[PDB]
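Read the single chain below, which is given as structure tokens and is the form deposited in one PDB entry.
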């Protein structure tokens, strides 16, 4: 099975320049060459998106889209064109192609958005089943305190949660770092049972477990409760002269 990447490595080591680079650069030096660039880095993207959507082809998708969508819409809109190049791997794409995929593309049965972004669905279910009280008007004595914008796991700190995520998602690249805690192993086995035969990317699973398990803390002006369900609705519950009485679900 792993003969394909080994033949890719042999083909890339047959060339003398890539062999010189792969034999002289270390694993530590690869970060110095992964961020290497020589062209002019494009700045001010807001203005470029202002004038670039006036162009007919502002999106550069992969070449496989030439087999996924037609070249013309029902109204005759040219959805994609080739690039003026003697190669492959890129095509210029109209936003009518995005609307065509959203109105006439293949309907999937499996979607991964309720699972990967389940924290925002939890916040939506807290907001929907909430309870609003009356508005009191008085001078808010707001004190900037450190509060949890993400609660995390109750049995894990930030470092222990990141160690649990590294043991779950990327277990053969953890180095000589073993989790000493005993809830780390239980949460690791629970997540490994939950994430077997996973069809999504490993970094997507790692970021899902990062927004689930790792707690984040910020300094925010708090007038009232400091629980993690009240920091997420801090813009709604308080202002400068008013207080919204809110109870989550």
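Positions refer to the first chain, counted from 1. So that the term is clear: the rigid core is the largest set of C-alpha atoms that superpose within 1.5 Å between two forms.
Below, we refer to the form deposited in another entry, which is not included among the displayed structures.
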Moved residue between the shown form and the other one - picked from 53, 204, 220, 33, where its Cα shifts 2 angstroms or more relative to the rigid core: 33
CA of residue 42, rigid core aligned, shift of 2 Å or more between the shown form and the other one: yes
Residue 74 C-alpha relocation of at least 2 Å between the shown form and the other one, rigid core basis: no
Is_shifted residue 236 between the shown form and the other one (CA, 2 Å cut-off, rigid core): no
In that other deposited form, shift in Cα separation for residue 86 relative to residue 58, 3 Å or more: closer
Sense of CA distance change between residue 71 and residue 111 in that other deposited form, threshold 3 Å: farther
